[PDB]
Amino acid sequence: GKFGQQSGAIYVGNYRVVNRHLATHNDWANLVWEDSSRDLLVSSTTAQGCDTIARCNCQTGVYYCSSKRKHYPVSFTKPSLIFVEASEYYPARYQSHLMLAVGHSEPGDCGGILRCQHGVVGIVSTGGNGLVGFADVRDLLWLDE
């Protein structure tokens, strides 16, 4: 402990990484960094997190889909700037650093973790039209403080 698991967050060092749209009041009071275009928010924690962030260029991995109660292996795109249709939390807009795969994603699946052999790749962010999008974390080097 502490591991993110299915909790909807990544815990690395003194940081907690969540979907920005799911961030709690405490997250915001504890804010480190947040970017709406990436749907990401990072808060500071007292306890030390055990998740390892992948530094690689893997395009294949496995994510947890809560709505199906299953892990799925997926091929996914490199992170890019992609138009995303409106959700409950965002208008139709361009989202940055987003990776897409074919898979099931309901709003409740957000926060599901995508992993490869090297560590945590990203978290479920978007869904619909039979695609699941993941916000990439691999470029944020400062998470490894």
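Residue numbers run from 1 along the displayed sequence.
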- What stretch has the higher average Cα B-factor here, 52-60 or 72-80? 52-60
- Given the B-factors recorded for C-alpha atoms, which segment has the greater mean, 135-143 or 3-11? 3-11
- Going by the entry, which of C65, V102, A47, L98 has the most elevated CA B factor? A47
- Out of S87, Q117, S37, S43, which residue has the highest Cα temperature factor in the PDB record? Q117
- Task: Could you tell me which third, lowest, middle or highest, the C-alpha B-factor of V32 occupies within its chain?
- Result: middle
